[PDB]
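Trainee:
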Amino acid sequence: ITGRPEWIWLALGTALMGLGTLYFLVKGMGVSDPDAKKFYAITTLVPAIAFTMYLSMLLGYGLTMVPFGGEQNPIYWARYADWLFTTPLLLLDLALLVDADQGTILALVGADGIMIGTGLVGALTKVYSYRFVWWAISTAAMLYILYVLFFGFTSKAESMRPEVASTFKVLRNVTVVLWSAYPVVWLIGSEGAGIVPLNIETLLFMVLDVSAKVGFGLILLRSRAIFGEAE
Amino acid sequence: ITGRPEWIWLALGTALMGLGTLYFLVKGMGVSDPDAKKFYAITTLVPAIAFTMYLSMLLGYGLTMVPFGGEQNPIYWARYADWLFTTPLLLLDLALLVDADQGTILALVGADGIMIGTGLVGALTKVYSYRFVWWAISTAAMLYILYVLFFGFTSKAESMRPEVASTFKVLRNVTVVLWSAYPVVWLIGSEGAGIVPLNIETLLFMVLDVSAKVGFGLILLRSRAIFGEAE
Amino acid sequence: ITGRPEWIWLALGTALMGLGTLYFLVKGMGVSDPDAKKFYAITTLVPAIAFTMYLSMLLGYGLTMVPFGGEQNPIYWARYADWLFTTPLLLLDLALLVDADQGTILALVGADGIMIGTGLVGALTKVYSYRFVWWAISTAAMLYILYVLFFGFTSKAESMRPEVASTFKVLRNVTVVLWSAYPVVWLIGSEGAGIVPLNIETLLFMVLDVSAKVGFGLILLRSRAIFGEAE
Ligand SMILES: CC(C)CCC[C@@H](C)CCC[C@@H](C)CCC[C@@H](C)CCOC[C@@H](CO)OCC[C@H](C)CCC[C@H](C)CCC[C@H](C)CCCC(C)C
Ligand SMILES: CC(C)CCC[C@@H](C)CCC[C@@H](C)CCC[C@@H](C)CCOC[C@@H](CO)OCC[C@H](C)CCC[C@H](C)CCC[C@H](C)CCCC(C)C
Ligand SMILES: CC(C)CCC[C@@H](C)CCC[C@@H](C)CCC[C@@H](C)CCOC[C@@H](CO)OCC[C@H](C)CCC[C@H](C)CCC[C@H](C)CCCC(C)C
Ligand SMILES: *C/C=C(C)/C=C/C=C(C)/C=C/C1=C(C)CCCC1(C)C
Ligand SMILES: *C/C=C(C)/C=C/C=C(C)/C=C/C1=C(C)CCCC1(C)C
Ligand SMILES: *C/C=C(C)/C=C/C=C(C)/C=C/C1=C(C)CCCC1(C)C
Ligand SMILES: CCCCCCCCCCCCCCC
Ligand SMILES: CCCCCCCCCCCCCCC
Ligand SMILES: CCCCCCCCCCCCCCC
Ligand SMILES: CCCCCCCCCCCCCC
Ligand SMILES: CCCCCCCCCCCCCC
Ligand SMILES: CCCCCCCCCCCCCC
Ligand SMILES: CCCCCCCCCCCCC
Ligand SMILES: CCCCCCCCCCCCC
Ligand SMILES: CCCCCCCCCCCCC
Ligand SMILES: CCCCCCCCCCC
Ligand SMILES: CCCCCCCCCCC
Ligand SMILES: CCCCCCCCCCC
Ligand SMILES: CCCCCCCCCCC
Ligand SMILES: CCCCCCCCCC
Ligand SMILES: CCCCCCCCCC
Ligand SMILES: CCCCCCCCCC
Ligand SMILES: CCCCCCCCC
Ligand SMILES: CCCCCCCCC
Ligand SMILES: CCCCCCCCC
Ligand SMILES: CCCCCCCC
Ligand SMILES: CCCCCCCC
Ligand SMILES: CCCCCCCC
Ligand SMILES: CCCCCCCC
Ligand SMILES: CCCCCCCC
Ligand SMILES: CCCCCCCC
Ligand SMILES: CCCCCCCC
Ligand SMILES: CCCCCCCC
Ligand SMILES: CCCCCCCC
């Protein structure tokens, strides 16, 4: 395990996701409100899935070698397995907060699936120049998602409770900033142009992942917006 | 890319799915009705997914070699990845049109999953005679789906709005004819008996795919059946 | 096929799932009640999926070799493909019976996904001692599911119809006993410590699978709890 310099960040990531999972699990024990239960379920599952995939990367299972540029390049494929399930759960948290219509939710989840799926294909593609074609398609799917979060959701939040409108606005802003960093790190890291070494890349993704999951969850689950308006 | 004679049909397929995706995306921009949004979301996602998988076939990612009959046989596995997601979306379009009950929808999607999954296993099976066992099981799942579309849905459409009944009937008929061709092409093509060469097989699937997705979508999204009855 | 001593149990399993599938399919033909249709759909799909995966194991497709302990160890990976889809369907049968809230259903299905997914990783892991780390995480996800079935569902059933409360209690008890045997068989069988040989392991899983699917389904589909209260 320690044979890879990036192991320290995989281990820290595993620990922080594990701790985040346990914290949300305990916190949600005292919850009976049916609406709050939905948000706790979604939000606890996110770091639990990430915990398993960080562990698989730490132990070496979630790593494969991909030939491109005349080299055997270490590619952590387990990231995409994580993201396939956790990024639509994160979007679902946002969509339920603002009572999004079903068509909009399906558009978001579908675009998200395309985003992660094409990122996976790009990560595993052996023809170097083609990796960036997949990156571009994935990034276009991301831009669609960000567009919807701003010009379909923000003006939906404003007709809702003030506490859900303010909580949505904060989580929207956190999401757009954090999620936009992922394609940049991929592009300059070992999957793309290879300018930033894998150990630093792994650190960067770990900070983004913990912030986008445990950070996000801490903000959401401390808000009164997750509860039905009750006396 | 041009090293494979079937590349021209993969390229045309990619282009037509891409163009179809953009057309539906633009067309649905001016839509606020919650019901119509569902149909636009579902129907736009279908060629978008197909676009990505056609591209993966064009670039060579979605192709593998399978030993059977003492030969290395080129198998485009990306078709099944496409179909796994797009065929239940197509069925969902039909089921929502007639306000199908939840049990019926689950039966359809489940049978569809079995249909595509067993087709994939058959496509990748190395014992030649066993490929046709999987083809038979998949075809039985197809026949179940077609049965339900006729003797569970058609008489559901007739108690609904005339515009939804007439639109459903047309899309049902398009679906049954087009979908029934797929097992025949598989059986006589490079996956099955090998009587029709891969380049012609690829052409045939491209015509079926564009018709079943973009053709289907053009009929559906031009109907007033996708809108709630409103003043 | 007969080259593997466990083939007889794979063949019997295939037959019993096939027969169970046909029986439930015929039985549900005379059903119009929308609630009952849901239970028939879910419950018929379960042995149908299991039939396909038992067949893939019989024909040899669903088997791979995994190096650990200095040996090539036969691992039937198709079990996890089965279980990935059938165990959440089984939980859905239980959850719908007691009209579980959406948050609880998502927690169950999510924990179940983690349970099966980590079992799959453990089954395919090449470092022997690490296989048991994945077994432990999977078992913890199982224990969560069993906890919810007892201390979240049982007291939900009691405020419902007596026929649904009594049917739920029986199916809950069947589920907890049968499902708890699976991690034990894995641990002592060819995936784990290797004390029980593969042919006996295969027998054990076949008895558990038929009981947990066809047995379970026979109890559920003969109950009046699956019908809406109607005059
Ligand atoms: C509604 C939304 C969910 C829409 C989803 C959007 C989605 C369509 C976007 C594209 C997804 C698609 C790229 C998934 C591809 C998975 C694939 C990378 C798995 C690895 O297999 C690739 C090659 C080795 O590189 O296998 C070597 C050759 C092997 C023989 C491969 C044969 C097995 C195939 C992988 C079977 C395909 C199954 C499905 C792709 C399962 C989807 C997995 C998940 C990653 C989407
Ligand atoms: C409700 C509905 C959805 C019901 C669904 C119906 C469904 C049950 C029908 C059968 C689906 C099942 C056949 C999927 C099999 C996928 C498999 C072909 C992927 C390729 O792996 C096959 C061999 C190489 O040929 O791998 C070589 C050996 C490797 C070590 C394989 C180990 C990895 C396994 C593939 C893990 C299994 C994961 C699940 C099958 C994911 C499902 C993928 C999708 C195609 C259904
Ligand atoms: C809401 C709930 C559903 C939550 C779900 C919980 C879930 C997160 C729990 C963990 C699931 C995760 C372990 C699935 C891993 C599948 C993996 C074993 C498939 C086989 O690939 C493993 C190695 C060979 O051993 O591939 C060799 C290297 C290859 C290059 C691998 C590259 C292809 C990757 C497999 C692509 C990943 C796609 C997704 C994992 C699809 C999920 C399949 C299913 C088994 C969950
Ligand atoms: C918890 C993990 C999260 C929130 C991950 C988010 C990841 C993305 C938004 C990834 C986006 C990518 C692209 C837009 C193109 C390049 C490849 C990706 C997959 C890194
Ligand atoms: C957009 C793509 C569509 C509508 C594809 C439909 C495909 C089928 C109905 C495929 C059916 C098959 C069988 C019935 C058995 C042989 C294998 C298949 C998968 C080709
Ligand atoms: C129809 C099949 C059923 C009901 C299978 C149930 C399987 C399980 C509950 C498996 C549990 C496992 C663990 C808890 C850890 C070890 C690995 C598994 C996957 C066997
Ligand atoms: C969105 C953030 C992307 C920028 C990442 C900056 C990383 C700077 C680290 C120094 C680069 C290491 C190069 C020498 C090894
Ligand atoms: C459902 C349509 C299946 C029939 C396809 C007919 C294809 C005819 C093309 C000629 C066959 C090529 C054989 C000589 C290369
Ligand atoms: C939950 C049941 C697990 C116990 C399984 C008992 C199997 C006993 C069979 C005898 C073991 C075979 C060892 C000699 C080959
Ligand atoms: C490819 C995996 C996509 C599914 C991820 C799980 C999250 C799905 C959330 C469903 C949202 C509800 C839509 C109506
Ligand atoms: C194996 C992939 C199956 C899922 C495909 C996505 C479409 C699912 C549509 C869900 C229909 C709603 C059922 C209640
Ligand atoms: C990884 C596969 C998980 C999906 C299995 C299919 C069963 C899903 C049942 C959905 C229950 C409804 C939740 C709201
Ligand atoms: C186009 C929608 C406006 C809100 C999205 C902001 C786009 C940020 C760009 C992210 C950088 C990705 C490379
Ligand atoms: C049995 C249901 C009647 C409607 C379905 C028509 C079946 C068409 C056969 C398709 C050919 C597949 C090989
Ligand atoms: C902790 C919840 C109480 C009900 C679950 C009973 C646990 C049975 C243990 C199963 C054995 C697995 C190794
Ligand atoms: C070796 C790099 C070749 C450049 C490929 C860039 C493709 C980016 C596509 C953006 C439309
Ligand atoms: C393919 C990228 C699309 C980003 C711009 C959004 C187009 C308008 C969509 C309106 C729902
Ligand atoms: C080499 C071909 C052997 C014939 C197999 C046909 C099987 C079809 C099954 C239909 C019930
Ligand atoms: C070779 C076996 C080494 C023992 C591993 C047991 C790990 C079990 C983890 C339970 C917390
Ligand atoms: C509760 C702490 C969980 C941390 C387990 C994984 C950390 C890796 C240590 C090497
Ligand atoms: C908008 C046109 C999209 C076409 C891109 C793929 C066509 C392949 C050209 C070689
Ligand atoms: C209807 C009987 C189904 C049995 C088919 C599979 C049994 C395997 C026989 C070798
Ligand atoms: C993006 C950083 C999130 C910070 C989380 C802090 C949570 C405290 C309530
Ligand atoms: C099956 C062929 C479909 C033809 C689509 C034409 C759409 C015009 C409205
Ligand atoms: C766990 C054993 C189940 C027994 C099923 C018998 C069904 C008869 C109604
Ligand atoms: C990591 C366990 C958290 C302890 C409880 C925190 C207050 C709910
Ligand atoms: C008003 C919300 C500001 C949140 C910005 C957080 C940036 C990481
Ligand atoms: C809305 C601001 C987006 C900031 C992008 C930051 C990418 C590192
Ligand atoms: C391909 C872009 C379509 C242009 C608009 C067509 C009329 C909505
Ligand atoms: C009355 C509907 C006829 C549609 C037939 C289309 C055949 C491709
Ligand atoms: C309902 C008519 C079906 C026609 C099947 C055509 C197969 C090529
Ligand atoms: C296996 C076929 C079952 C025959 C009908 C049983 C009574 C519904
Ligand atoms: C009162 C229900 C008892 C069911 C026990 C079944 C054990 C297999
Ligand atoms: C509730 C009793 C569980 C029995 C476990 C049996 C495991 C073989």
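Chains as they are written, first to last, in my numbering: chain A, -13 to 217; chain B, -13 to 217; chain C, -13 to 217.
Beta carbons: idealized from backbone N, C-alpha and C, even for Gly.
(1) Closer than 8 Å, CB to CB, is B/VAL84 near chain C or not?
(2) Return the residues of the stretch 13 to 25 of chain B that lie within a Cβ-Cβ distance of less than 7 Å from chain A, sorted by chain order.
(3) Closest to B/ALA167 by C-alpha separation, out of B/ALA36, B/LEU129 and B/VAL32, would be which residue?
(4) Cβ-heavy atom distance between B/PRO74 and ligand 10 below 7 Å?
(5) Examine ligand 20 and report whether any of its heavy atoms sits within less than 7 Å of the Cβ of A/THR0.
(6) Cβ-heavy atom distance between B/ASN159 and ligand 30 below 7 Å?
(7) Using only CA atoms, which one of B/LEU5, B/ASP79, B/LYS24 and B/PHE37 lies nearest to A/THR104?
(8) Could you pull the DSSP bridge partners for C/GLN58 from this structure?
(9) Are the CB atoms of A/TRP121 and A/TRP172 within a distance shorter than 8 Å?
(10) Would B/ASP98 pass as a contact of B/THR125 if the rule is Cβ separation under 8 Å?
(11) By Cβ distance below 8 Å, which residues in the same chain neighbour B/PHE213 in space, the five residues on each side in sequence not counted?
(12) Nearer than 7 Å: is that true of the beta carbon of B/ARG208 relative to any heavy atom of ligand 24?
(13) List the endpoints of the continuous alpha helix (DSSP H) containing A/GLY175.
(14) Nearest to B/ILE(-13) by CA position, among B/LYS112, B/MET43 and B/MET51, is which residue?
(15) Can you name, in chain order, every residue of its own chain whose Cβ lies under 8 Å from the Cβ of B/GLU57, other than the five neighbours on each side?
(16) Compute the beta-carbon to beta-carbon distance between C/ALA127 and B/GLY89, rounded to the nearest angstrom, for a pair I have assumed lies under 8 Å.
(17) May I ask you to list, following chain order, the residues of the stretch 31 to 61 of chain B that have a beta carbon less than 9 Å from some beta carbon of chain F?
(18) Helix, strand or coil: how does DSSP classify residue 226 of chain C here?
(19) Given the structure, does C/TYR114 come close to ligand 19, in the sense that its CB is under 7 Å from one of the ligand's heavy atoms?
(20) Quick one: what does DSSP say C/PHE213 is sitting in, helix, strand or coil?
(21) Please list the partners that A/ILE28 has in chain C, where partner means a Cβ-to-Cβ separation under 7 Å.
(22) Cutting at 6 Å between CB atoms, please list the residues of its own chain near B/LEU132, excluding the five before and the five after it.
(23) Taking 7 Å as the cut-off, is the CB of B/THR140 close to at least one heavy atom of ligand 14?
(24) On the three-state DSSP scale, how would you describe A/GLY105?
(25) Indicate whether C/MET192 and C/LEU(-2) have their beta-carbon atoms separated by less than 8 Å.
(26) Mind pulling the alpha helix (DSSP H) runs of 4 or more residues that sit fully within the stretch 63 to 104 of chain A?
(27) Can you list every residue whose CB sits closer than 6 Å to some heavy atom of ligand 32, going in chain order?
(28) Measuring alpha carbon to alpha carbon, tell me which of B/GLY178, B/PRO169 and B/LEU157 ends up nearest B/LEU78.
(29) Determine the DSSP secondary structure at C/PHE139, reduced to helix, strand or coil.
(30) Just reading off the alpha helix (DSSP H) that B/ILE28 is part of, what are its end residues?
(31) Whole angstroms are fine: how far does the CA of C/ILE102 sit from the CA of A/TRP(-5)?
(32) Output needed for A/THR50: all residues of its chain with C-beta closer than 6 Å, excluding positions within five of it in sequence on either side, in chain order.
(33) Can you check whether the C-beta of C/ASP98 is within less than 8 Å of a C-beta belonging to chain A?
(34) With distances taken between CB atoms, is the gap from C/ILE100 to A/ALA34 smaller than 8 Å?
(35) Taking the alpha-carbon positions, what's the B/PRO148 to C/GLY14 distance?
(36) Whole angstroms are fine: how far does the CA of A/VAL95 sit from the CA of C/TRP(-7)?
Mentor: Short version:
(1) Not one chain C Cβ lies under 8 Å of B/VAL84.
(2) Result list: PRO20, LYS23 and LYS24.
(3) B/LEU129
(4) no
(5) Under cutoff, so the answer is yes.
(6) yes
(7) B/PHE37
(8) BP columns for C/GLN58 point to C/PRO53.
(9) yes
(10) no
(11) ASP19, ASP21 and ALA22
(12) yes
(13) Neither: A/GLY175 is in no alpha helix (DSSP H) and is coded neither H nor E.
(14) B/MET43
(15) none
(16) Going by Cβ atoms, the distance from C/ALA127 to B/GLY89 rounds to 28 Å, so no, they are not a contact pair.
(17) Annotation note: the requested chain F is absent from the structure, which comprises protein chains A, B and C.
(18) Not covered by the structure: residue 226 of chain C. The range shown for chain C is -13 to 217.
(19) yes
(20) coil
(21) Within chain C, the residues near A/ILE28 are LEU92.
(22) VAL162
(23) no
(24) helix
(25) yes
(26) 64 to 83
(27) C/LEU8, C/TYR9, C/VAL12 and C/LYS13
(28) B/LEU157
(29) The answer is coil: DSSP assigns C/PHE139 none of H, G, I, E or B.
(30) 20 to 45
(31) 27 Å
(32) Around A/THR50, the same chain offers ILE61 and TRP63 as residues with beta carbons nearer than 6 Å, after the five sequence neighbours per side are excluded.
(33) no
(34) yes
(35) C-alpha separation (whole angstroms): 30 Å.
(36) 42 Å
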